[PDB]
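Residues 12 to 249, 261 to 320, 324 to 452 (the UniProt record's numbering) make up the sequence shown, in order.
For every residue, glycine included, the Cβ atom is placed at its ideal position computed from N, Cα and C.
Here is the structure we will look at.
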Amino acid sequence: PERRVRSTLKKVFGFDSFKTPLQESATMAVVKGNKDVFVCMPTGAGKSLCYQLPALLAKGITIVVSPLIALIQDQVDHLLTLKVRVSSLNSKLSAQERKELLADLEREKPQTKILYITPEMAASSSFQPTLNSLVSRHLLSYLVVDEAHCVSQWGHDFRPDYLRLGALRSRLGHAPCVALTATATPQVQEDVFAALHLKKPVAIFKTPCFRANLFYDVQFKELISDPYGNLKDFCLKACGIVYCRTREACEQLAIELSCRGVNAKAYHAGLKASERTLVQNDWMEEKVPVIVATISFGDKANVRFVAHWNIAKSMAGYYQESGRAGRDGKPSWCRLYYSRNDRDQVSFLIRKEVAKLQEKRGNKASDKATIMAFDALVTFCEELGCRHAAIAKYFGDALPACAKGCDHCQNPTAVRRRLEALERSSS
Ligand SMILES: [Zn+2]
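As structure tokens, this is what we get:
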């Protein structure tokens with residue numbers, strides 16, 4: 012029972028023991044296949060190893076639901092190097108490759124062990140009959156729902172195709188379901204259980220937001236004399263990402279940093295399908311050490330810094346973006362740059378998209394959630410107190426008694442006066 016898990020852990024990867032006992036607590040509940048489980052912890056090996064382990068353990072194949080296509084390839088190629096039979100069904104996947112795999116799942120004792128899928132492909136009318144041949148033949152081991160908060164209409168990243176998966180679990184009661192996420196919002200948590208129709212009750216496994224290696228400091232653009240210098244000075248003490267709003271803002275900073283010595287390259291949807299995949303592969307190979315990107319770039326362990334030039338659309342989103350730093354456990358720095366003009370620029374767009382929705386559909390409780398998400402982040406910088414403690418109130422996590430890992434922990438007087446300095450700078 013417990014013996015099989017440890018023997019299959021060190022064999023494939025090379026791990027003496029689990030990172031946290033909560034990882035074993037989650038894994039054992041999945042291995043059991045008795046209940047439906049909810050996993051909520053930061054990205055990396057930890058959370059993935061909770062579905063990757065019982066899949067090989069139990070006899071059958073897994074259906075992993077992840078929306079990111081580029082993320083799917085990053086996790087299938089790393090899995091293949093660990094010697095596992097893994098497949099990935101996406102929209103870009105050709106019909107010749109499709110029939111090779113479509114006939115594989117319908118055949119006796121299929122060759123592939125792990126199957127990656129996007130919500131658009133799984134819920135589709137075309138693939139719909141293929142899973143029924145595994146539904147009846149008992150080959151459907153588990154149902155994996157990565158990035159679970161996209162079915163919320165209260166969450167920072169609502170993806171509509173996530174709603175189709177809702178009744179899918181209630182339709183297929185034969186296999187247990189695992190809901191994986193990082194966004195620990197109580198309204199979103201409750202929504203995940205209801206919208207996905209998860210088997211009541213759900214064994215919830217949650218990990219704290221705080222990370223010792225991360226330093227969260229808030230800088231203010233409205234009071235900095237040389238902002239481009241202040242940015243490269245932070246950048247020099249270090261791979262790493264510099265997030266911002268527009269495709270032209272990152273294009274500006276990619277060359278504005280490069281000239282100062284610290285080489286940086288831009289990333290967004292504006293770059294070609296071949297260019298996007300190239301600069302992403304040129305990032306891992308440290309020829310692109312510093313990467314300037316938008317919301318589009320969402324894995325590497327060595328992420329020394331996550332600086333936000335422009336204020337993020339949501340408080341939940343900022344946590345997801347900044348929390349990509351120091352996956353290895355090594356020290357990293359997460360800086361947020363504030364300006365009431367940049368603030369207003371987003372607030373105006375947020376109010377413009379919401380008003381366009383009301384002009385077509387009408388008023389909704391979900392329409393208010395988007396606005397309230399940004400307001401939760403505008404307070405994060407404009408308010409006095411510890412940065413890690415502000416994360417704790419938003420998601421509901423425990424109060425982390427921090428020291429030398431936050432701006433308030435380093436100087437609760439210098440940043441304090443900087444707030445009073447911001448108000449007088451208006452007129
Ligand atoms: Zn602090």
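Residue i and residue j closer than 8 Å at C-beta
{"i": "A190", "j": "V229", "result": "no"}
{"i": "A286", "j": "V312", "result": "yes"}
{"i": "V314", "j": "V371", "result": "no"}
{"i": "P425", "j": "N224", "result": "no"}
{"i": "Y153", "j": "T73", "result": "yes"}
{"i": "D367", "j": "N335", "result": "yes"}
{"i": "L409", "j": "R376", "result": "no"}
{"i": "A401", "j": "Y419", "result": "yes"}
{"i": "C434", "j": "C406", "result": "no"}
{"i": "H333", "j": "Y344", "result": "no"}
{"i": "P197", "j": "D422", "result": "no"}
{"i": "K325", "j": "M306", "result": "yes"}
{"i": "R269", "j": "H290", "result": "yes"}
{"i": "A206", "j": "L183", "result": "no"}
{"i": "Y62", "j": "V76", "result": "no"}
{"i": "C188", "j": "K210", "result": "yes"}
{"i": "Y127", "j": "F231", "result": "no"}
{"i": "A337", "j": "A40", "result": "no"}
{"i": "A398", "j": "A341", "result": "yes"}
Residue i, buried or exposed, once every other Cβ within 10 Å from all chains shown has been counted against 16
{"i": "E346", "result": "buried"}
{"i": "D432", "result": "buried"}
{"i": "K58", "result": "buried"}
{"i": "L93", "result": "exposed"}
{"i": "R352", "result": "buried"}
{"i": "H149", "result": "exposed"}
{"i": "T54", "result": "buried"}
{"i": "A380", "result": "exposed"}
{"i": "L145", "result": "buried"}
{"i": "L142", "result": "buried"}
{"i": "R180", "result": "buried"}
{"i": "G430", "result": "buried"}
{"i": "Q86", "result": "buried"}
{"i": "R349", "result": "buried"}
{"i": "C246", "result": "buried"}
{"i": "residue 5", "result": "Because the chain spans 12 through 452 in this model, residue 5 falls outside it and cannot be assessed."}
{"i": "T316", "result": "buried"}
{"i": "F26", "result": "exposed"}
{"i": "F29", "result": "buried"}
{"i": "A106", "result": "exposed"}
{"i": "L116", "result": "buried"}
Sequence-distant residues of the same chain with beta carbon closer than 6 Å to residue i, five excluded per side
{"i": "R170", "result": "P78 and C161"}
{"i": "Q164", "result": "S391"}
{"i": "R329", "result": "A249, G262 and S357"}
{"i": "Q34", "result": "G57"}
{"i": "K217", "result": "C51"}
{"i": "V23", "result": "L93"}
{"i": "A415", "result": "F405"}
{"i": "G71", "result": "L150 and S152"}
Integer Cβ distance of residue i from residue j, believed to fall under 8 Å
{"i": "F221", "j": "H413", "result": "5 Å"}
{"i": "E233", "j": "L447", "result": "6 Å"}
{"i": "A186", "j": "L151", "result": "5 Å"}
{"i": "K243", "j": "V284", "result": "5 Å"}
{"i": "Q84", "j": "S99", "result": "7 Å"}
{"i": "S339", "j": "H167", "result": "4 Å"}
{"i": "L64", "j": "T19", "result": "7 Å"}
{"i": "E201", "j": "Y239", "result": "Not confirmed; about 44 Å, so no contact."}
{"i": "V331", "j": "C359", "result": "5 Å"}
{"i": "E273", "j": "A288", "result": "5 Å"}
Cβ shell of residue i (< 7 Å), same chain only, five flanking positions each side left out
{"i": "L90", "result": "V97 and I125"}
{"i": "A439", "result": "none"}
{"i": "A178", "result": "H208"}
{"i": "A159", "result": "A190, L191, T192 and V203"}
{"i": "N101", "result": "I80, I83, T129 and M132"}
{"i": "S36", "result": "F216"}
{"i": "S280", "result": "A286"}
{"i": "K103", "result": "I80"}
{"i": "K21", "result": "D27"}
Close-in-space but distant-in-sequence residues of the same chain around residue i (CB under 8 Å, 5 per side omitted)
{"i": "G354", "result": "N224"}
{"i": "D369", "result": "none"}
{"i": "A69", "result": "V42, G44, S152 and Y153"}
{"i": "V95", "result": "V23, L67, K124 and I125"}
is_contact[residue i, chain B] using C-beta, thresh 8 Å
{"i": "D392", "result": "The structure shown contains no chain B; it holds only a single protein chain."}
**Asked** Touch check for the region 119-138 and the region 38-53: three-plus C-beta pairs under 8 Å?
**Response** With a cut-off of 8 Å, the region 38-53 and the region 119-138 do not count as touching, because too few Cβ pairs lie within range.
**Around ligand 2, Cβ to any heavy atom closer than 6 Å, ordered along the chain** = The model on display carries ligand 1 but not ligand 2.
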